[PDB]
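Trainee: If you scroll down you'll find the structure; I have some questions about it.
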Amino acid sequence: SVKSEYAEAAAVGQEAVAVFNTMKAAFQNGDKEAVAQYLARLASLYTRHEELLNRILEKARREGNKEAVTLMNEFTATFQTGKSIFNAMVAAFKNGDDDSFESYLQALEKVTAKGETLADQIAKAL
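My numbering numbers the first residue of the sequence shown as 436 and each following residue consecutively.
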């Protein structure tokens, strides 16, 4: 069901959460080769999560589930904020700008932490 597709998408997000916190440790420790690999792994996870979310939203639309569609539109918008912050973090790593990288990492944690009370609302709405 759309609900099980959501629990599958939620797990992928929690995989990115895990890798992100591991990546933050490697950055703090100066293990740039680890960071590079973790950033690639995060890109693939965010691309997978985004595709799953879009399928879930499209299903809710086709099912006429207006409340789920509303919540998924809000959640997908915030998801794209994170994607932009993430992509800015990746560019800062390429450029050797640790100041920006730190900044973007905190910003991404905050945008992520905020968009969680909604993530639980969507699980109940589908």
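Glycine included, every Cβ here is placed at the ideal spot set by N, Cα and C.
#1: Is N500 helix, strand or coil when you go by DSSP?
#2: For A451, which residues from the same chain have a beta carbon less than 7 Å from its beta carbon, with the 5 sequence-adjacent residues on both sides left out?
#3: Between the Cα of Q463 and the Cα atoms of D534, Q556 and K559, which residue gives the shortest distance?
#4: Between which two residues does the alpha helix (DSSP H) carrying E440 extend?
#5: By alpha-carbon positions, which one of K518, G517, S519 and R496 ends up nearest to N508?
#6: Who are the Cβ neighbours of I520 in its own chain at under 8 Å, not counting the five residues just before and after it?
#7: With a threshold of 7 Å on Cβ separation, who are the neighbours of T457 within its own chain once the five nearest residues in sequence on each side are excluded?
#8: Let me know the secondary structure DSSP gives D532 once reduced to three states.
#9: CA-CA distance, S439 and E493?
#10: Is it the case that the Cβ atoms of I491 and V437 are separated by a distance below 8 Å?
#11: Taking C-alpha atoms, which residue in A558, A453 and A461 lies nearest to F510?
Mentor: Per the coordinate set shown:
#1: Within the sequence shown, residue 500 is the residue found at index 65, counting from 1. In the three-state scheme derived from DSSP, where H, G and I count as helix and E and B as strand, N500 is classed as coil.
#2: By 1-based counting over the sequence shown, the position of residue 451 is 16. If you ignore the 5 residues before and after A451, its C-beta comes within less than 7 Å of the C-beta of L477, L480, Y481 and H484, all in its own chain and listed in chain order.
#3: Within the sequence shown, numbered from 1, the residue matching residue 463 stands at position 28. Residue nearest to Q463 within the set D534, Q556 and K559 is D534 (criterion: CA-CA distance).
#4: One-based indexing of the sequence shown puts residue 440 at position 5. Element bounds for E440: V437 to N464.
#5: On the sequence shown, position 73 is the one that residue 508 refers to. Checking every option, the nearest Cα to that of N508 belongs to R496.
#6: If you number the sequence shown from 1, residue 520 lands on position 85. Within its own chain, the residues whose Cβ lies closer than 8 Å to the Cβ of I520, once the five positions on either side in sequence are excluded, are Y539, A542, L543 and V546, listed in chain order.
#7: Within the sequence shown, numbered from 1, the residue matching residue 457 stands at position 22. Closer than 7 Å at the Cβ level, and outside the excluded window around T457, lie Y473.
#8: On the sequence shown, residue 532 is found 97 positions in, with the first residue counted as 1. Residue state for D532 is assigned as coil, using DSSP reduced to three classes.
#9: Stepping through the sequence shown from its first residue, residue 439 is reached at position 4. Stepping through the sequence shown from its first residue, residue 493 is reached at position 58. Each residue's Cα considered, the two are about 15 Å apart.
#10: Working through the sequence shown from its first residue, we reach residue 491 at position 56. Working through the sequence shown from its first residue, we reach residue 437 at position 2. Yes, these two residues count as a Cβ contact at 8 Å.
#11: Indexing the sequence shown from 1 puts residue 510 at position 75. With distances taken between Cα atoms, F510 lies closest to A558.
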